[PDB]
Amino acid sequence: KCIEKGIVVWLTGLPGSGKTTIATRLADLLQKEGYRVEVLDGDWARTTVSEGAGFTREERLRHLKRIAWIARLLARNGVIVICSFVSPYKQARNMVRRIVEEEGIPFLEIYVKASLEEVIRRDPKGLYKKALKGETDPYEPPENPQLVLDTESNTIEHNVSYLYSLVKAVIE
Amino acid sequence: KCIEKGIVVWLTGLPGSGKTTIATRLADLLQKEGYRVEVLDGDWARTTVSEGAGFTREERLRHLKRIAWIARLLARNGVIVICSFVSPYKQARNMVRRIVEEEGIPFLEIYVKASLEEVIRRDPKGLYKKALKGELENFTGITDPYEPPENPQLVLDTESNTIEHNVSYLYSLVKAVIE
């Protein structure tokens with residue numbers, strides 16, 4: 001398919017909330033339909049555009065602005081860009097939104113909601129190793145997310161379906 | 001317009017050689033013909049994707065590798081990516097080429113040729129302003145001897161030919177490659 005303008009889908013939520021799997025399944029659906037799609041996540045970024053440590057808030061902010069700009073270039077060239085980043089800070093996410101919206105590109109902020117208690121209770125191993133590896137910063141939910149995907153009340157498939165519906169309502 | 005895969009046109013040369021003027025004029029030509037085009041240059045990068053980097057040789061590399069990836073992503077989605085950056089080192093440019101070619105994307109290294117004395121002579125006012133405000137270490141013409149490409153896909157002699165002749169010459173190579 002050859003659409004003039006794409007969109008930016010921003011998945012924000014706690015690590016372990018299952019953001020990437022949702023992003024991944026969404027991408028498969030859209031690609032199968034002929035859409036140009038790019039999934040951008042921290043794993044990818046760490047080795048490519050954001051390689052070079054930095055966990056200071058100044059650094060993460062520079063990292064997020066960079067992602068925002070990359071999503072803006074791709075979407076303005078017809079790509080559906082799906083971003084999966086914890087992006088815990090509201091102000092940071094709002095800065096990302098403005099960069100994308102300045103281009104006239106739709107910015108769909110998706111809150112992938114999971115409970116902090118449940119995420120740590122199911123992964124004591126990971127918490128422990130993050131403690132050993134050098135891991136105070138509370139997650140700030142969106143004030144106006146275009147969608148909230150409750151990963152605990154619904155199945156991954158129904159959540160993917162909810163997101164796919166919104167995407168199509170926007171791009172079709 | 002719609003093409004399956006784009007290309008990466010990498011302009012390399014000394015600051016002041018005319019790289020960016022060439023990039024923009026070429027970009028204007030292709031867009032007017034309906035192609036999806038993005039011009040990536042240092043001034044843009046400096047306030048966006050590479051906004052807070054120093055200028056150490058390792059810092060510049062991180063930056064160039066980053067540009068190579070952004071270019072690769074755009075190009076694999078049908079975009080003609082025209083790049084104009086300060087990349088005096090062959091190794092650095094070879095690393096950029098590798099990243100692009102890996103995706104199977106054509107990488108055209110264009111040498112915008114102008115001597116060091118020539119770019120200095122061209123812009124006295126500019127030399128003085130960077131020096132007076134201490135924003136040198138950027139004018140790599142001296143701080144980092146430029147290493148010409150061993151085998152560029154094209155050479156644009158900015159001393160012998162006009163910008164019109166050169167933009168037109170680059171445009172023919174680009175059109176020959178994108179079909």
# chains A, B, ... in the order shown; residues from 1 in each chain; ligands from 1
$ closest_atom_pairs --of "chain B" --to "chain A" --cutoff "12 Å" --atoms "only C-alpha atoms" --output "CSV"
residue,atom,partner,partner_atom,distance
B:1,CA,A:2,CA,8.3
B:2,CA,A:2,CA,6.5
B:3,CA,A:2,CA,9.2
B:4,CA,A:36,CA,9.9
B:5,CA,A:36,CA,11.3
B:6,CA,A:77,CA,11.6
B:31,CA,A:77,CA,12.0
B:34,CA,A:4,CA,11.5
B:35,CA,A:77,CA,10.1
B:36,CA,A:77,CA,6.5
B:37,CA,A:77,CA,8.3
B:38,CA,A:73,CA,8.0
B:39,CA,A:73,CA,10.4
B:40,CA,A:73,CA,10.3
B:44,CA,A:69,CA,10.6
B:45,CA,A:66,CA,9.3
B:46,CA,A:66,CA,10.8
B:47,CA,A:66,CA,9.6
B:48,CA,A:66,CA,6.0
B:49,CA,A:66,CA,4.3
B:50,CA,A:66,CA,7.3
B:51,CA,A:62,CA,7.3
B:52,CA,A:62,CA,7.4
B:53,CA,A:62,CA,10.1
B:58,CA,A:52,CA,10.3
B:59,CA,A:52,CA,9.3
B:60,CA,A:52,CA,12.0
B:61,CA,A:51,CA,10.9
B:62,CA,A:51,CA,7.3
B:63,CA,A:49,CA,8.0
B:64,CA,A:49,CA,9.4
B:65,CA,A:48,CA,7.2
B:66,CA,A:49,CA,4.4
B:67,CA,A:49,CA,7.6
B:68,CA,A:49,CA,8.8
B:69,CA,A:48,CA,6.7
B:70,CA,A:70,CA,6.8
B:71,CA,A:70,CA,9.8
B:72,CA,A:74,CA,11.0
B:73,CA,A:74,CA,7.8
B:74,CA,A:74,CA,6.1
B:75,CA,A:74,CA,9.7
B:76,CA,A:36,CA,9.5
B:77,CA,A:36,CA,6.7
B:78,CA,A:77,CA,8.3
B:79,CA,A:77,CA,7.3
B:80,CA,A:77,CA,10.4
B:81,CA,A:73,CA,10.9
B:96,CA,A:48,CA,11.8
B:99,CA,A:48,CA,10.1
$ select_by_dssp --residues "range 9-165 of chain B" --states "alpha helix (DSSP H)" --output "mmCIF file with N, CA, C and O atoms, in the first residue's frame"
data_model
loop_
_atom_site.group_PDB
_atom_site.id
_atom_site.type_symbol
_atom_site.label_atom_id
_atom_site.label_comp_id
_atom_site.auth_asym_id
_atom_site.auth_seq_id
_atom_site.Cartn_x
_atom_site.Cartn_y
_atom_site.Cartn_z
ATOM 1 N N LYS B 19 28.758 21.078 -0.078
ATOM 2 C CA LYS B 19 27.967 19.851 0.106
ATOM 3 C C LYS B 19 26.479 20.089 0.291
ATOM 4 O O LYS B 19 25.651 19.546 -0.438
ATOM 5 N N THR B 20 26.136 20.883 1.302
ATOM 6 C CA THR B 20 24.734 21.133 1.611
ATOM 7 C C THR B 20 23.947 21.828 0.508
ATOM 8 O O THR B 20 22.781 21.519 0.298
ATOM 9 N N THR B 21 24.563 22.762 -0.203
ATOM 10 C CA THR B 21 23.861 23.406 -1.316
ATOM 11 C C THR B 21 23.509 22.325 -2.357
ATOM 12 O O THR B 21 22.388 22.277 -2.884
ATOM 13 N N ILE B 22 24.488 21.476 -2.668
ATOM 14 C CA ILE B 22 24.270 20.399 -3.632
ATOM 15 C C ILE B 22 23.149 19.467 -3.153
ATOM 16 O O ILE B 22 22.241 19.130 -3.925
ATOM 17 N N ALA B 23 23.205 19.059 -1.888
ATOM 18 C CA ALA B 23 22.170 18.170 -1.335
ATOM 19 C C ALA B 23 20.750 18.750 -1.488
ATOM 20 O O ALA B 23 19.826 18.078 -1.923
ATOM 21 N N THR B 24 20.593 20.009 -1.127
ATOM 22 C CA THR B 24 19.289 20.659 -1.184
ATOM 23 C C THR B 24 18.736 20.861 -2.593
ATOM 24 O O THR B 24 17.536 20.722 -2.827
ATOM 25 N N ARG B 25 19.607 21.217 -3.524
ATOM 26 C CA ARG B 25 19.186 21.414 -4.897
ATOM 27 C C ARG B 25 18.833 20.068 -5.496
ATOM 28 O O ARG B 25 17.836 19.949 -6.220
ATOM 29 N N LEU B 26 19.610 19.037 -5.173
ATOM 30 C CA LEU B 26 19.276 17.725 -5.690
ATOM 31 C C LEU B 26 17.935 17.290 -5.102
ATOM 32 O O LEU B 26 17.074 16.759 -5.797
ATOM 33 N N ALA B 27 17.760 17.527 -3.810
ATOM 34 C CA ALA B 27 16.529 17.136 -3.141
ATOM 35 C C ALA B 27 15.325 17.842 -3.766
ATOM 36 O O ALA B 27 14.269 17.234 -3.976
ATOM 37 N N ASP B 28 15.478 19.125 -4.063
ATOM 38 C CA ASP B 28 14.378 19.872 -4.675
ATOM 39 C C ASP B 28 13.971 19.222 -6.009
ATOM 40 O O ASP B 28 12.786 19.062 -6.292
ATOM 41 N N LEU B 29 14.959 18.840 -6.820
ATOM 42 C CA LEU B 29 14.693 18.206 -8.114
ATOM 43 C C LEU B 29 13.884 16.911 -8.027
ATOM 44 O O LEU B 29 12.918 16.703 -8.768
ATOM 45 N N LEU B 30 14.299 16.025 -7.134
ATOM 46 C CA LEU B 30 13.634 14.746 -6.966
ATOM 47 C C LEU B 30 12.247 14.875 -6.351
ATOM 48 O O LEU B 30 11.335 14.160 -6.734
ATOM 49 N N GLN B 31 12.096 15.762 -5.378
ATOM 50 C CA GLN B 31 10.789 15.938 -4.766
ATOM 51 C C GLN B 31 9.828 16.446 -5.835
ATOM 52 O O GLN B 31 8.749 15.886 -6.018
ATOM 53 N N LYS B 32 10.227 17.484 -6.566
ATOM 54 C CA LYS B 32 9.363 18.010 -7.621
ATOM 55 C C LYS B 32 8.957 16.913 -8.602
ATOM 56 O O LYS B 32 7.922 17.010 -9.248
ATOM 57 N N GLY B 42 24.320 18.011 9.262
ATOM 58 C CA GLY B 42 24.771 18.318 10.615
ATOM 59 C C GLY B 42 23.976 19.358 11.370
ATOM 60 O O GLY B 42 23.701 19.202 12.557
ATOM 61 N N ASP B 43 23.595 20.431 10.695
ATOM 62 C CA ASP B 43 22.828 21.470 11.352
ATOM 63 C C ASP B 43 21.496 20.912 11.853
ATOM 64 O O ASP B 43 21.035 21.261 12.939
ATOM 65 N N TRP B 44 20.881 20.036 11.075
ATOM 66 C CA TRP B 44 19.619 19.443 11.500
ATOM 67 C C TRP B 44 19.881 18.516 12.674
ATOM 68 O O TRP B 44 19.253 18.625 13.722
ATOM 69 N N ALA B 45 20.824 17.601 12.491
ATOM 70 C CA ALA B 45 21.160 16.623 13.524
ATOM 71 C C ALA B 45 21.532 17.262 14.856
ATOM 72 O O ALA B 45 21.162 16.771 15.920
ATOM 73 N N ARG B 46 22.278 18.357 14.783
ATOM 74 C CA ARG B 46 22.756 19.059 15.957
ATOM 75 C C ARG B 46 21.649 19.502 16.911
ATOM 76 O O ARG B 46 21.877 19.621 18.108
ATOM 77 N N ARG B 57 36.561 12.102 18.730
ATOM 78 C CA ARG B 57 36.486 11.208 17.590
ATOM 79 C C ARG B 57 35.517 10.059 17.823
ATOM 80 O O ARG B 57 34.886 9.580 16.880
ATOM 81 N N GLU B 58 35.392 9.615 19.071
ATOM 82 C CA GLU B 58 34.474 8.524 19.385
ATOM 83 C C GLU B 58 33.035 9.039 19.422
ATOM 84 O O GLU B 58 32.095 8.306 19.136
ATOM 85 N N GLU B 59 32.879 10.311 19.772
ATOM 86 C CA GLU B 59 31.566 10.945 19.846
ATOM 87 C C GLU B 59 31.015 11.098 18.423
ATOM 88 O O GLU B 59 29.851 10.809 18.160
ATOM 89 N N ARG B 60 31.871 11.547 17.509
ATOM 90 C CA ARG B 60 31.492 11.724 16.113
ATOM 91 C C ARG B 60 31.073 10.393 15.491
ATOM 92 O O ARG B 60 30.127 10.338 14.709
ATOM 93 N N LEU B 61 31.792 9.330 15.837
ATOM 94 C CA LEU B 61 31.495 7.995 15.329
ATOM 95 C C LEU B 61 30.114 7.546 15.780
ATOM 96 O O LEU B 61 29.318 7.055 14.973
ATOM 97 N N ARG B 62 29.842 7.680 17.075
ATOM 98 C CA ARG B 62 28.531 7.286 17.600
ATOM 99 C C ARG B 62 27.449 7.964 16.777
ATOM 100 O O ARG B 62 26.422 7.379 16.455
ATOM 101 N N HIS B 63 27.715 9.220 16.450
ATOM 102 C CA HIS B 63 26.802 10.063 15.692
ATOM 103 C C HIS B 63 26.601 9.546 14.279
ATOM 104 O O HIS B 63 25.468 9.384 13.829
ATOM 105 N N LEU B 64 27.703 9.262 13.596
ATOM 106 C CA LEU B 64 27.654 8.766 12.232
ATOM 107 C C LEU B 64 26.978 7.401 12.128
ATOM 108 O O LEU B 64 26.243 7.130 11.175
ATOM 109 N N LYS B 65 27.231 6.533 13.096
ATOM 110 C CA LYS B 65 26.604 5.220 13.087
ATOM 111 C C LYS B 65 25.092 5.439 13.249
ATOM 112 O O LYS B 65 24.271 4.755 12.655
ATOM 113 N N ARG B 66 24.741 6.410 14.074
ATOM 114 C CA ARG B 66 23.354 6.726 14.314
ATOM 115 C C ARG B 66 22.700 7.223 13.035
ATOM 116 O O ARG B 66 21.587 6.823 12.705
ATOM 117 N N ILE B 67 23.396 8.100 12.319
ATOM 118 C CA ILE B 67 22.868 8.620 11.065
ATOM 119 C C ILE B 67 22.682 7.487 10.067
ATOM 120 O O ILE B 67 21.693 7.447 9.350
ATOM 121 N N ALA B 68 23.650 6.570 10.029
ATOM 122 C CA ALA B 68 23.602 5.428 9.122
ATOM 123 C C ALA B 68 22.337 4.582 9.375
ATOM 124 O O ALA B 68 21.711 4.057 8.466
ATOM 125 N N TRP B 69 21.958 4.447 10.625
ATOM 126 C CA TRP B 69 20.777 3.654 10.901
ATOM 127 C C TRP B 69 19.491 4.341 10.501
ATOM 128 O O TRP B 69 18.589 3.695 9.959
ATOM 129 N N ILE B 70 19.420 5.650 10.756
ATOM 130 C CA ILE B 70 18.248 6.446 10.413
ATOM 131 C C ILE B 70 18.115 6.417 8.893
ATOM 132 O O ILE B 70 17.023 6.275 8.355
ATOM 133 N N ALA B 71 19.239 6.546 8.208
ATOM 134 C CA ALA B 71 19.241 6.509 6.744
ATOM 135 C C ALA B 71 18.792 5.134 6.238
ATOM 136 O O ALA B 71 18.058 5.029 5.280
ATOM 137 N N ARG B 72 19.250 4.079 6.894
ATOM 138 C CA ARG B 72 18.893 2.729 6.488
ATOM 139 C C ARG B 72 17.382 2.486 6.668
ATOM 140 O O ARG B 72 16.711 1.934 5.785
ATOM 141 N N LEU B 73 16.843 2.915 7.809
ATOM 142 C CA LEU B 73 15.423 2.754 8.068
ATOM 143 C C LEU B 73 14.592 3.517 7.040
ATOM 144 O O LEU B 73 13.609 3.005 6.529
ATOM 145 N N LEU B 74 14.969 4.747 6.745
ATOM 146 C CA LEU B 74 14.188 5.514 5.779
ATOM 147 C C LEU B 74 14.279 4.867 4.396
ATOM 148 O O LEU B 74 13.270 4.679 3.700
ATOM 149 N N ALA B 75 15.493 4.506 4.008
ATOM 150 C CA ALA B 75 15.708 3.935 2.689
ATOM 151 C C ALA B 75 15.011 2.598 2.473
ATOM 152 O O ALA B 75 14.514 2.334 1.377
ATOM 153 N N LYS B 90 37.962 7.949 6.435
ATOM 154 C CA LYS B 90 37.534 6.845 5.591
ATOM 155 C C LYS B 90 36.891 5.723 6.393
ATOM 156 O O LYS B 90 35.826 5.234 6.038
ATOM 157 N N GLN B 91 37.555 5.308 7.465
ATOM 158 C CA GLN B 91 37.061 4.235 8.307
ATOM 159 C C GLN B 91 35.650 4.526 8.767
ATOM 160 O O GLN B 91 34.772 3.656 8.719
ATOM 161 N N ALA B 92 35.432 5.759 9.211
ATOM 162 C CA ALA B 92 34.119 6.173 9.683
ATOM 163 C C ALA B 92 33.097 6.058 8.559
ATOM 164 O O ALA B 92 32.007 5.537 8.756
ATOM 165 N N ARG B 93 33.459 6.538 7.377
ATOM 166 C CA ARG B 93 32.567 6.464 6.231
ATOM 167 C C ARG B 93 32.353 5.011 5.768
ATOM 168 O O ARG B 93 31.284 4.672 5.266
ATOM 169 N N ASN B 94 33.357 4.152 5.944
ATOM 170 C CA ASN B 94 33.221 2.744 5.557
ATOM 171 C C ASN B 94 32.237 2.040 6.492
ATOM 172 O O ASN B 94 31.474 1.173 6.078
ATOM 173 N N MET B 95 32.270 2.424 7.757
ATOM 174 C CA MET B 95 31.361 1.886 8.765
ATOM 175 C C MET B 95 29.913 2.317 8.420
ATOM 176 O O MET B 95 28.966 1.543 8.559
ATOM 177 N N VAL B 96 29.744 3.551 7.952
ATOM 178 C CA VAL B 96 28.412 4.028 7.571
ATOM 179 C C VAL B 96 27.938 3.212 6.361
ATOM 180 O O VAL B 96 26.826 2.689 6.359
ATOM 181 N N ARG B 97 28.798 3.090 5.349
ATOM 182 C CA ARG B 97 28.483 2.311 4.148
ATOM 183 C C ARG B 97 28.029 0.901 4.488
ATOM 184 O O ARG B 97 27.037 0.413 3.926
ATOM 185 N N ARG B 98 28.773 0.245 5.384
ATOM 186 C CA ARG B 98 28.474 -1.126 5.801
ATOM 187 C C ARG B 98 27.060 -1.281 6.335
ATOM 188 O O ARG B 98 26.338 -2.216 5.982
ATOM 189 N N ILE B 99 26.685 -0.379 7.229
ATOM 190 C CA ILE B 99 25.366 -0.420 7.818
ATOM 191 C C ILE B 99 24.305 -0.314 6.745
ATOM 192 O O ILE B 99 23.342 -1.083 6.746
ATOM 193 N N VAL B 100 24.492 0.602 5.802
ATOM 194 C CA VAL B 100 23.498 0.774 4.724
ATOM 195 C C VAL B 100 23.453 -0.432 3.755
ATOM 196 O O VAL B 100 22.365 -0.948 3.420
ATOM 197 N N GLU B 101 24.629 -0.899 3.338
ATOM 198 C CA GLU B 101 24.728 -2.006 2.387
ATOM 199 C C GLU B 101 24.203 -3.317 2.941
ATOM 200 O O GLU B 101 23.697 -4.143 2.193
ATOM 201 N N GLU B 102 24.326 -3.494 4.247
ATOM 202 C CA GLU B 102 23.840 -4.686 4.913
ATOM 203 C C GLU B 102 22.353 -4.872 4.582
ATOM 204 O O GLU B 102 21.913 -5.958 4.239
ATOM 205 N N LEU B 116 41.641 22.548 0.873
ATOM 206 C CA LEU B 116 41.590 23.196 2.171
ATOM 207 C C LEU B 116 41.802 24.707 2.033
ATOM 208 O O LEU B 116 41.082 25.498 2.619
ATOM 209 N N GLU B 117 42.817 25.099 1.273
ATOM 210 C CA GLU B 117 43.114 26.514 1.098
ATOM 211 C C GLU B 117 41.970 27.170 0.365
ATOM 212 O O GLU B 117 41.667 28.335 0.592
ATOM 213 N N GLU B 118 41.342 26.411 -0.531
ATOM 214 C CA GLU B 118 40.233 26.946 -1.285
ATOM 215 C C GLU B 118 39.023 27.210 -0.408
ATOM 216 O O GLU B 118 38.410 28.259 -0.542
ATOM 217 N N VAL B 119 38.661 26.297 0.492
ATOM 218 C CA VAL B 119 37.486 26.571 1.323
ATOM 219 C C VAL B 119 37.778 27.689 2.324
ATOM 220 O O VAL B 119 36.882 28.433 2.695
ATOM 221 N N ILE B 120 39.030 27.823 2.744
ATOM 222 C CA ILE B 120 39.378 28.892 3.674
ATOM 223 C C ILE B 120 39.278 30.238 2.924
ATOM 224 O O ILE B 120 38.636 31.184 3.386
ATOM 225 N N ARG B 121 39.899 30.291 1.751
ATOM 226 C CA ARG B 121 39.898 31.485 0.906
ATOM 227 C C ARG B 121 38.467 31.932 0.559
ATOM 228 O O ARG B 121 38.166 33.123 0.483
ATOM 229 N N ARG B 122 37.585 30.972 0.350
ATOM 230 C CA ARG B 122 36.215 31.282 -0.013
ATOM 231 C C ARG B 122 35.458 32.083 1.023
ATOM 232 O O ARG B 122 34.708 32.999 0.673
ATOM 233 N N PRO B 124 36.373 34.056 4.310
ATOM 234 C CA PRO B 124 37.136 34.744 5.355
ATOM 235 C C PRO B 124 36.229 35.092 6.531
ATOM 236 O O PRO B 124 36.499 34.733 7.682
ATOM 237 N N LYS B 125 35.138 35.784 6.225
ATOM 238 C CA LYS B 125 34.200 36.196 7.257
ATOM 239 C C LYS B 125 33.814 35.045 8.163
ATOM 240 O O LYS B 125 33.782 35.199 9.383
ATOM 241 N N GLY B 126 33.516 33.892 7.566
ATOM 242 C CA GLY B 126 33.123 32.740 8.364
ATOM 243 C C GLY B 126 34.234 32.193 9.249
ATOM 244 O O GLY B 126 33.992 31.772 10.382
ATOM 245 N N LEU B 127 35.453 32.199 8.732
ATOM 246 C CA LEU B 127 36.608 31.712 9.478
ATOM 247 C C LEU B 127 36.747 32.564 10.733
ATOM 248 O O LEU B 127 36.845 32.053 11.835
ATOM 249 N N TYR B 128 36.754 33.878 10.542
ATOM 250 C CA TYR B 128 36.902 34.811 11.640
ATOM 251 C C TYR B 128 35.830 34.659 12.696
ATOM 252 O O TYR B 128 36.121 34.671 13.890
ATOM 253 N N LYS B 129 34.587 34.482 12.275
ATOM 254 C CA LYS B 129 33.525 34.365 13.254
ATOM 255 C C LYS B 129 33.635 33.096 14.097
ATOM 256 O O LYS B 129 33.403 33.126 15.298
ATOM 257 N N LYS B 130 33.995 31.973 13.492
ATOM 258 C CA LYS B 130 34.113 30.766 14.300
ATOM 259 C C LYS B 130 35.291 30.902 15.275
ATOM 260 O O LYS B 130 35.212 30.475 16.429
ATOM 261 N N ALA B 131 36.378 31.490 14.804
ATOM 262 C CA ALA B 131 37.567 31.688 15.639
ATOM 263 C C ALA B 131 37.282 32.639 16.809
ATOM 264 O O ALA B 131 37.594 32.347 17.963
ATOM 265 N N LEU B 132 36.688 33.785 16.503
ATOM 266 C CA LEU B 132 36.391 34.774 17.529
ATOM 267 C C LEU B 132 35.452 34.236 18.580
ATOM 268 O O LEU B 132 35.633 34.507 19.765
ATOM 269 N N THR B 140 37.174 21.039 11.117
ATOM 270 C CA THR B 140 38.045 19.882 11.039
ATOM 271 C C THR B 140 39.039 19.901 9.889
ATOM 272 O O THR B 140 39.911 19.035 9.818
ATOM 273 N N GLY B 141 38.911 20.870 8.988
ATOM 274 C CA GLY B 141 39.834 20.945 7.873
ATOM 275 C C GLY B 141 41.279 20.896 8.354
ATOM 276 O O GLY B 141 42.163 20.389 7.664
ATOM 277 N N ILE B 142 41.510 21.415 9.557
ATOM 278 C CA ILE B 142 42.841 21.443 10.150
ATOM 279 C C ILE B 142 42.918 20.477 11.328
ATOM 280 O O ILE B 142 43.851 19.681 11.441
ATOM 281 N N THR B 143 41.912 20.555 12.191
ATOM 282 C CA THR B 143 41.815 19.725 13.380
ATOM 283 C C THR B 143 41.706 18.231 13.085
ATOM 284 O O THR B 143 41.937 17.406 13.970
ATOM 285 N N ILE B 163 27.760 24.927 -9.733
ATOM 286 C CA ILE B 163 26.850 24.125 -8.928
ATOM 287 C C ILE B 163 25.820 23.464 -9.838
ATOM 288 O O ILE B 163 25.424 22.338 -9.578
ATOM 289 N N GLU B 164 25.390 24.173 -10.887
ATOM 290 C CA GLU B 164 24.390 23.665 -11.831
ATOM 291 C C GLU B 164 24.900 22.426 -12.541
ATOM 292 O O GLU B 164 24.188 21.438 -12.700
ATOM 293 N N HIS B 165 26.143 22.500 -12.986
ATOM 294 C CA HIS B 165 26.742 21.380 -13.656
ATOM 295 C C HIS B 165 26.814 20.211 -12.682
ATOM 296 O O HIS B 165 26.447 19.086 -13.025
#
$ atom_distance --atom1 "CA of residue 87 in chain B" --atom2 "CA of residue 13 in chain B"
7.7 Å
$ atom_distance --atom1 "CA of residue 166 in chain B" --atom2 "CA of residue 109 in chain B"
14.5 Å
$ atom_distance --atom1 "CA of residue 99 in chain A" --atom2 "CA of residue 83 in chain A"
14.2 Å
$ select_by_dssp --residues "range 17-90 of chain A" --states "strand (DSSP E)" --output "list in words"
residues 37, 38, 39, 40, 41, 80, 81, 82, 83 and 84 of chain A
$ residues_around --residues "residue 161 in chain A" --least-positions-apart "5" --cutoff "10 Å" --atoms "only C-alpha atoms" --output "list in words"
residues 22, 25, 26, 29, 155, 156, 166 and 167 of chain A
$ write_last_selection --atoms "C-alpha atoms" --output "PDB file, in the first residue's frame"
ATOM      1  CA  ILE A  22       1.712  -6.096  21.666  1.00  0.00           C
ATOM      2  CA  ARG A  25       1.764  -8.561  17.011  1.00  0.00           C
ATOM      3  CA  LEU A  26       0.312  -5.266  15.839  1.00  0.00           C
ATOM      4  CA  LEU A  29      -1.116  -7.656  11.301  1.00  0.00           C
ATOM      5  CA  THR A 155      -5.906 -11.240  27.074  1.00  0.00           C
ATOM      6  CA  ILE A 156      -2.976 -10.164  24.902  1.00  0.00           C
ATOM      7  CA  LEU A 166      -7.965   2.190  16.618  1.00  0.00           C
ATOM      8  CA  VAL A 167      -5.095   2.095  14.134  1.00  0.00           C
TER       9      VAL A 167
END
